[PDB]
Amino acid sequence: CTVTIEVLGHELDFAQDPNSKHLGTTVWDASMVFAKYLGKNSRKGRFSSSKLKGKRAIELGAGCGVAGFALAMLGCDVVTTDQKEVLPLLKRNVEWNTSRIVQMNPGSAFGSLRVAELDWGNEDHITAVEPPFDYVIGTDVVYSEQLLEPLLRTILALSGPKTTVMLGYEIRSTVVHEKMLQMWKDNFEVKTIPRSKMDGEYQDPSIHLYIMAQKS
Ligand SMILES: Nc1ncnc2c1ncn2[C@@H]1O[C@H](CSCC[C@H](N)C(=O)O)[C@@H](O)[C@H]1O
């Protein structure tokens, strides 16, 4: 079971494990909406190559790894993380596609992409990936009320004053939605990226992209 997606004109292959009960063994639609958003906003602004020079990003709950891979393709250095059980598939997908795009574009310089274990809230895991990061990203990592606080605490622990948080999100329970929105509003300055910045094909009304700056 392997999904082939085009990102920045490159055909990538992401292995999946449907034999697994683990949520992260499947590619979720928010990661693809995030990757396609980057492809559309990488010519000018904060995701252009010159503006990403020297920037470091960390992906939380990367699963199969689509979102962090796209960001690394833009020239950002990226540490992609998940729990131990997901890491072998993540490591497989990173290394298989890294060798593909570099053989496809030998002269181009992509950002680095290294896999690390990070259980949300584990201070030892957080210290070990070497924060602070310029970007903290996550796609479809909000779904269960009990995971809101550990994710929040992790994002803050990896952040500094100038850190930007990018969140790909799919609305499910309205109760959880309202708790999540209030939480982000209590901790960040939140903006909701509009439909026009997302690709015409990779856009379902239920998928939202948030971009959040640290609070004053
Ligand atoms: N407490 C926790 N610590 C670290 N990762 C967690 C976690 N709880 C859930 N996750 C991870 O969050 C991911 C949710 S599925 C999202 C996968 C990927 N970002 C995508 O968009 O396709 C899973 O990989 C799961 O392992």
Side-chain angles (χ1 to χ4, degrees), residues 1-7 12-39 57-73 76 78-94 96-97 113-129 131 133 135-158 165-173 176 179-180 183 193 198-199 202-204 206-211:
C1 189
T2 294
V3 79
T4 296
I5 169 177
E6 204 160 2
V7 196
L12 319 166
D13 292 337
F14 286 82
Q16 295 179 123
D17 192 353
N19 190 27
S20 208
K21 266 54 167 181
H22 284 262
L23 292 180
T25 57
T26 290
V27 171
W28 293 89
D29 286 329
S31 68
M32 292 188 292
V33 176
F34 177 76
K36 287 319 222 283
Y37 158 79
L38 293 186
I58 182 152
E59 175 166 18
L60 304 174
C64 297
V66 172
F69 198 93
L71 181 43
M73 292 181 69
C76 191
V78 175
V79 188
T80 178
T81 73
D82 211 298
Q83 319 187 85
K84 279 161 20 215
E85 320 85 60
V86 166
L87 295 191
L89 200 183
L90 183 49
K91 195 139 183 163
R92 164 171 180 210
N93 278 345
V94 158
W96 192 91
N97 285 290
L113 187 48
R114 76 178 201 254
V115 184
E117 176 193 4
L118 204 164
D119 293 334
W120 300 341
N122 183 304
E123 303 167 10
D124 293 325
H125 292 176
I126 296 162
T127 295
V129 293
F133 292 86
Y135 293 94
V136 178
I137 72 167
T139 60
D140 211 13
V141 290
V142 172
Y143 47 95
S144 168
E145 177 174 357
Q146 72 176 340
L147 294 176
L148 290 177
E149 194 275 339
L151 180 65
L152 166 66
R153 169 155 41 100
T154 300
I155 294 169
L156 292 173
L158 297 157
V165 180
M166 310 271 300
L167 177 70
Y169 167 80
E170 173 174 353
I171 184 162
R172 293 180 175 93
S173 153
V176 179
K179 293 175 189 288
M180 179 212 67
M183 189 184 64
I193 297 206
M198 298 153 41
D199 203 338
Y202 293 81
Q203 158 195 317
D204 162 13
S206 282
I207 291 172
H208 314 275
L209 294 182
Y210 301 96
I211 169 171

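Computation of the quantities below employed the complete heavy-atom set of this structure, encompassing side-chain atoms and omitting hydrogens, waters and symmetry-equivalent molecules. Read the numbers this way: they start at 1 and go in the same order the structure lists the ligands and their atoms. For this chain, numbers begin at 1 and follow the sequence in order.
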Checklist entry - Which bit of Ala67 is near ligand 1, meaning a heavy atom under 4.0 Å away: side chain, backbone, both or neither? => result neither
Next on the checklist: Looking only at distances, can you tell me whether any N or O atom of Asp119, backbone or side chain, sits closer than 3.5 Å to an N or O atom of ligand 1?
Outcome noted: no
Item to check | side-chain contact (heavy atoms from CB on, under 4.5 Å) partner of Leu87, chosen from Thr81, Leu118, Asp82, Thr80 | outcome: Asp82
Checklist entry - Do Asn93 side-chain atoms and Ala15 backbone N/O form a donor-acceptor pair below 3.5 Å? => result yes
Next on the checklist: Looking only at distances, can you tell me whether any N or O atom of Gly61, backbone or side chain, sits closer than 3.5 Å to an N or O atom of ligand 1?
Outcome noted: yes
Checklist entry - Roughly how far, to the nearest 0.5 Å, is CG of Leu152 from CG of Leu147? => result 12.5 Å
Checklist entry - Tell me: protein heavy atom nearest atom 1 (N) of ligand 1, and distance? => result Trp120 CE3, 3.7 Å
Checklist entry - So do the side chains of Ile58 and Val78 get within less than 4.5 Å of each other, counting heavy atoms only? => result no
Item to check | Protein contact to atom 22 (O) of ligand 1 [nearest heavy atom, distance to 0.1 Å] | outcome: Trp28 N, 2.9 Å
Next on the checklist: Between the side chains of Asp140 and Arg172, is the shortest nitrogen-to-carboxylate-oxygen separation below 4.0 Å, so that they form an ion pair?
Outcome noted: yes
Item to check | Parallel, tilted or perpendicular: rings of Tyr210 and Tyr169 (30°, 60°) | outcome: tilted
Checklist entry - Are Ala62 and ligand 1 in contact, using a heavy-atom cut-off of under 4.0 Å? => result yes
Checklist outcome for this item: Among non-hydrogen protein atoms, atom 24 (O) of ligand 1 lies closest to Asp82 OD2, 2.6 Å
Item to check | Part of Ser31 within contact of ligand 1 (heavy atoms, under 4.0 Å) | outcome: both
Next on the checklist: Counting only nitrogen or oxygen atoms and a 3.5 angstrom limit, does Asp140 reach ligand 1?
Outcome noted: no
Checklist outcome for this item: Numbered in order shown, the ligand 1 atoms found under 4.0 Å of a heavy atom of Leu118 are 3 (N), 4 (C)
Checklist entry - Any side-chain donor-acceptor pair under 3.5 Å between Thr2 and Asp13? => result no
Checklist outcome for this item: Nearest non-hydrogen protein atom to atom 21 (O) of ligand 1, with distance, is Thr139 OG1, 2.7 Å
Next on the checklist: To the nearest 0.5 Å, what is the distance between OH on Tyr143 and CG on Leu148?
Outcome noted: 10.5 Å
Checklist entry - Does any N or O in the side chain of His125 come within less than 3.5 Å of the main-chain N or O of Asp119, such that one atom is a donor and the other an acceptor? => result yes
Checklist entry - In ligand 1, which numbered atoms sit nearer than 4.0 Å to a non-hydrogen atom of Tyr143? => result 9 (C), 14 (C)
Next on the checklist: Can you name the atoms of ligand 1, numbered from 1 with element, that are less than 4.0 Å from a heavy atom of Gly24?
Outcome noted: 23 (C), 24 (O)
